[PDB]
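Here is the naming used below: chain letters follow the sequence lines, and residue numbers restart at 1 for every chain.
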Amino acid sequence: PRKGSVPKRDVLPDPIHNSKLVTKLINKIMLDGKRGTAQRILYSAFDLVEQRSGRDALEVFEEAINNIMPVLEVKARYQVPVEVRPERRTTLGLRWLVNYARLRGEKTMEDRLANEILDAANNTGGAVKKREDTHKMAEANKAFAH
Amino acid sequence: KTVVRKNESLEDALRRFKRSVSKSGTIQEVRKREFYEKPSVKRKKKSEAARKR
Amino acid sequence: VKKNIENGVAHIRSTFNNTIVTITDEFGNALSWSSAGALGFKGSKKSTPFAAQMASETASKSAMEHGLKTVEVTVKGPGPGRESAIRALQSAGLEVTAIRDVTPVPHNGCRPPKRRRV
RNA sequence: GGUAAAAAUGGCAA
RNA sequence: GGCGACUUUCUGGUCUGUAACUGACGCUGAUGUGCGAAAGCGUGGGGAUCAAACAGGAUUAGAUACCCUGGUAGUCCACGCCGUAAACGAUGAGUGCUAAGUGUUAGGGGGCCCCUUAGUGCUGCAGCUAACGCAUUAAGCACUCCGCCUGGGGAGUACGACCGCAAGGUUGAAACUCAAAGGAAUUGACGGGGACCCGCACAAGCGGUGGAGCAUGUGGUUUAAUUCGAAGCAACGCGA
RNA sequence: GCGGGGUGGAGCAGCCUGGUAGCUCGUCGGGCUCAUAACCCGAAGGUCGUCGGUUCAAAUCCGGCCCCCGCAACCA
RNA sequence: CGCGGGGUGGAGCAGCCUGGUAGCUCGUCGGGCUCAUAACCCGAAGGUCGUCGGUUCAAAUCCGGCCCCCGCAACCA
Ligand SMILES: [Mg+2]
Ligand SMILES: [Mg+2]
Ligand SMILES: [Mg+2]
Ligand SMILES: [Mg+2]
Ligand SMILES: [Mg+2]
Ligand SMILES: [Mg+2]
Ligand SMILES: [Mg+2]
């Protein structure tokens with residue numbers, strides 16, 4: 001019952017790091033339209049990651065997202081392994097990063113987000129586990145790929 | 001029996017195999033005799049399928 | 001413990017329920033076999049083309065360990081996994097010299113079972 | 001070729 | 001009713017042409033008398049497959065089913081019996097007459113074409129029909145003979161008779177009861193029918209409700225009275 | 001005459017071997033449905049037949065009593 | 001009383017033999033999916049191997065002791 005696809009909205013590059021992805025991360029962190037708190041958390045997290053890592057914050061963030069983003073996923077139709085679209089890949093990566101960061105035990109969000117981004121760069125975070133689990137279930141359903 | 005030709009792909013040979021099976025109609029026959037169809041029903045199917053043909 | 005058969009026959013029995021691949025010498029003595037069920041495929045997955053491929057690959061690999069290099073393929077049954085099995089033999093490194101269909105057909109013989117009303 | 005499986009019932013009037 | 005590998009033996013019918021012969025010798029057919037799918041029955045033989053019953057497994061609220069694994073009679077042969085099927089073209093047999101077009105089976109005749117005989121299909125006038133439809137393979141137009149019908153239920157029951165080893169078959173009521181049973185077609189509605197399309201319908205997401213305290217409406221209960229109205233969606237922070 | 005049993009509303013465990021009340025259904029509140037059933041979720045409910053005894057403690061062990069069930073009731 | 005065998009997540013079942021390397025399968029738990037249910041798929045837990053010693057680079061593993069269990073002989077106070 002649908003006419004067709006709808007054009008997606010676009011985001012300006014992050015001022016501090018000049019990445020569109022950074023802007024999208026702020027949007028996922030933001031709650032109730034409170035942009036400033038979201039930006040504050042992200043920028044502080046990027047400082048902490050660089051401080052602990054000793055490497056550029058964007059580099060580790062990019063390394064982190066690369067590990068979290070999933071090539072294949074199961075879709076109910078029998079679950080069939082399907083290739084995640086490039087845009088979908090980013091959505092899942094950012095969503096998983098923020099959600100699993102929120103479930104971490106550190107007192108402040110900034111520390112949780114930094115620990116998550118660091119862990120994902122080492123391929124050891126809960127978000128990484130989510131990708132691995134997604135890939136496993138996709139491989140189990142490889143027979144239904146057709 | 002399809003025999004792989006010299007300098008011919010196994011996949012290419014597989015294409016030849018599939019076509020030979022289709023002409024033989026061994027698949028067609030197998031499906032028909034999976035379950036028993038009462039004599040009158042068999043005769044009806046023969047007629048109407050021929051009507052299609 | 002180690003045979004040396006260069007030329008053999010690969011028999012693929014593909015059904016709607018399962019795929020079984022047995023590799024034999026030309027005299028019908030078996031060298032290796034694999035099935036969708038043997039590889040741990042269950043239910044619908046047993047009849048999938050992927051399961052047929054994996055069965056073929058496993059059986060081929062074991063047979064090659066007995067020194068099989070060339071194979072003649074005989075196919076029986078109407079299941080979806082026949083072609084995948086044939087490609088798997090080639091992929092395993094065995095060369096398919098010939099492919100033949102051996103599915104049994106009666107010349108109006110024994111009464112088939114009842115049709116499934118459901 | 002298919003196929004998902006299960007899937008009961010409901011006063012007579014006007 | 002039926003009849004599908006091939007071979008041989010015995011045997012029935014039909015069609016074409018010809019026009020030797022016979023010379024109306026024909027048609028129908030009550031009562032009779034035979035044949036008659038499948039299941040079933042008797043005696044003997046056989047038994048692969050399939051498969052009532054039956055037994056597990058499963059499904060389910062239950063599942064004495066559907067589905068799965070088995071499985072006996074039976075399915076097969078011979079000889080008897082049974083005598084029934086939506087035994088249907090739901091269309092008795094015979095005869096003649098009445099537009100065409102096209103396919104096919106077995107012939108005949110004359111120049112691939114035309115003509116013709118007997119079948120077998122499709123399409124289609126006239127005519128017919130409640131309509132659907134039928135239409136030289138009539139359900140048209142006619143004549144002969146036979147069988148059969150006269151609202152639905154009770155009831156193909158009861159009783160009697162006959163037939164059958166049995167199962168049952170054939171024949172076949174009434175009391176009583178109802179105002180209807182029915183055929184075809186039409187418009188809707190509906191469908192665990194189809195096609196094609198939409199809608200925050202789903203999917204993909206985000207934030208909630210259901211859990212706590214409280215506010216408020218409602219039900220219920222209570223009360224002297226707890227005013228009256230709203231009740232699935234489309235009553236319930238609704239009239240207010 | 002001699003055994004067995006009496007446990008939420010029903011049926012059935014726990015007793016042998018004292019400390020522990022289970023299971024299935026039902027009931028009740030909520031949900032699903034237009035509604036009902038089915039199904040889903042949460043919850044309540046048995047002084048263990050009855051009086052006694054023993055024991056720190058009794059469904060449990062022991063003795064009466066009542067109820068129920070089975071078996072026996074023979075030789076003349 | 002002699003002889004033979006065994007003791008390993010809750011349980012069963014290997015590696016023991018042929019020392020280094022406790023697996024396997026159900027029972028669990030949490031998830032996914034199933035309208036659903038089950039099944040299936042994914043993750044996680046539970047035995048330090050009967051026990052105690054010796055030997056050994058290293059022993060559940062081998063050698064010993066000890067205990068428990070099972071089977072078979074012993075079965076003419
Ligand atoms: Mg009604
Ligand atoms: Mg018969
Ligand atoms: Mg059956
Ligand atoms: Mg009759
Ligand atoms: Mg004609
Ligand atoms: Mg609330
Ligand atoms: Mg209900």
Side-chain angles (χ1 to χ4, degrees), chain A residues 1-53 55-77 79-139 141 144-145:
Chain A
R2 230 163 77 69
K3 303 304 214 307
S5 181
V6 174
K8 198 168 184 62
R9 313 155 199 294
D10 53 356
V11 296
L12 258 60
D14 175 69
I16 315 297
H17 297 92
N18 200 64
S19 300
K20 304 292 201 63
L21 273 178
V22 174
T23 304
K24 298 166 58 60
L25 187 57
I26 295 164
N27 273 352
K28 280 187 182 288
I29 299 168
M30 177 177 58
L31 299 173
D32 308 350
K34 304 187 80 173
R35 177 98 69 186
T37 314
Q39 288 183 117
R40 168 179 313 120
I41 289 174
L42 179 47
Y43 295 147
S44 60
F46 268 24
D47 298 357
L48 269 60
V49 65
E50 180 171 2
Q51 150 183 353
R52 300 164 180 173
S53 182
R55 295 160 41 191
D56 167 58
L58 223 295
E59 166 195 353
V60 31
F61 165 81
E62 280 179 355
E63 176 165 355
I65 64 186
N66 285 304
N67 299 2
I68 302 173
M69 291 183 301
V71 62
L72 293 168
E73 64 173 359
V74 286
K75 285 195 181 305
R77 294 200 67 67
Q79 296 174 179
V80 49
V82 71
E83 309 80 359
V84 183
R85 305 287 299 293
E87 64 279 359
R88 184 174 177 66
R89 229 205 159 188
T90 61
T91 295
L92 289 179
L94 291 179
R95 188 214 200 175
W96 292 345
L97 174 67
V98 178
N99 291 0
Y100 284 92
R102 286 169 180 177
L103 299 177
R104 299 195 75 116
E106 292 72 3
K107 300 308 185 61
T108 76
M109 182 60 187
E110 38 267 1
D111 305 2
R112 299 181 211 121
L113 190 61
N115 293 4
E116 194 71 62
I117 61 194
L118 243 3
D119 284 1
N122 302 1
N123 202 111
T124 48
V128 150
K129 177 58 61 183
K130 173 61 175 182
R131 175 191 55 66
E132 292 167 355
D133 288 1
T134 296
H135 276 153
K136 283 172 164 294
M137 68 189 319
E139 285 193 0
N141 295 250
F144 291 145

[X] vs [Y] side-chain heavy atoms within contact, under 4.5 Å:
X         : Y         : value
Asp119(A) : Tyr100(A) : no
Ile65(A)  : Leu25(A)  : no
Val71(A)  : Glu83(A)  : no
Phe61(A)  : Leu113(A) : no
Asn115(A) : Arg52(A)  : yes
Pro81(A)  : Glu73(A)  : no
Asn123(A) : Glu132(A) : yes
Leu118(A) : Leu48(A)  : no

From [X] atom [atom1] to [Y] atom [atom2], the distance as rounded to the nearest 0.5 Å:
X         : Y        : atom1 : atom2 : result
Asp111(A) : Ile41(A) : CG    : CD1   : 10.5 Å
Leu92(A)  : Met69(A) : CG    : CE    : 10.0 Å
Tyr43(A)  : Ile26(A) : OH    : CD1   : 4.0 Å
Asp47(A)  : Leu42(A) : CG    : CG    : 9.5 Å
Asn27(A)  : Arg35(A) : CG    : CZ    : 5.0 Å

Is the backbone of [Y] close enough, under 3.5 Å, to the side chain of [X] for a donor and an acceptor to pair up by distance?
X         : Y         : answer
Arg112(A) : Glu106(A) : yes
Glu116(A) : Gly126(A) : yes
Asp14(A)  : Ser19(A)  : no

Which atom pair, heavy atoms only, marks the closest approach of [X] to [Y]?
X         : Y         : result
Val80(A)  : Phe144(A) : CG2-O, 3.2 Å
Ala120(A) : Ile68(A)  : CB-CD1, 3.8 Å
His17(A)  : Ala57(A)  : NE2-CB, 4.5 Å
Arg89(A)  : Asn66(A)  : NH2-O, 4.2 Å
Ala121(A) : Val60(A)  : CB-CG2, 3.8 Å
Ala114(A) : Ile117(A) : O-CG1, 3.1 Å

> Could you go step by step and tell me if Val22(A) and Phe46(A) meet the side-chain contact (heavy atoms from CB on, under 4.5 Å) rule?
Replying inline: CA-CA 10 Å; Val22(A) 174; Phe46(A) 268 24; 4.0 Å; yes
> Do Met109(A) and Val98(A) pass the side-chain contact (heavy atoms from CB on, under 4.5 Å) test, and can you show the C-alpha distance, the side-chain angles, and the key distance before you say yes or no?
Replying inline: CA-CA 9 Å; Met109(A) 182 60 187; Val98(A) 178; 4.3 Å; yes
> Applying the salt bridge (charged side-chain N to carboxylate O under 4.0 Å, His left out) test to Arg55(A), which of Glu63(A), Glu50(A), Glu62(A) qualifies?
Replying inline: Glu63(A)
> Do NZ/NE/NH1/NH2 and the carboxylate oxygens of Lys8(A) and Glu87(A) come within less than 4.0 Å?
Replying inline: no
> Does the pair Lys136(A)/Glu139(A) count as a salt bridge with the N-to-O cut at 4.0 Å?
Replying inline: no
>> Other residues, nucleotides and ligands only: do more than 12 of their heavy atoms fall within 6.0 Å of CZ on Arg102(A)?
In response: yes
>> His135(A) vs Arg131(A), test: side-chain contact (heavy atoms from CB on, under 4.5 Å). Steps then yes/no.
In response: CA-CA 6 Å; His135(A) 276 153; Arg131(A) 175 191 55 66; 3.2 Å; yes
> Between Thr23(A) and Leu12(A), does a side-chain contact (heavy atoms from CB on, under 4.5 Å) hold up when you go through it step by step?
Replying inline: CA-CA 7 Å; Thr23(A) 304; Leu12(A) 258 60; 5.9 Å; no
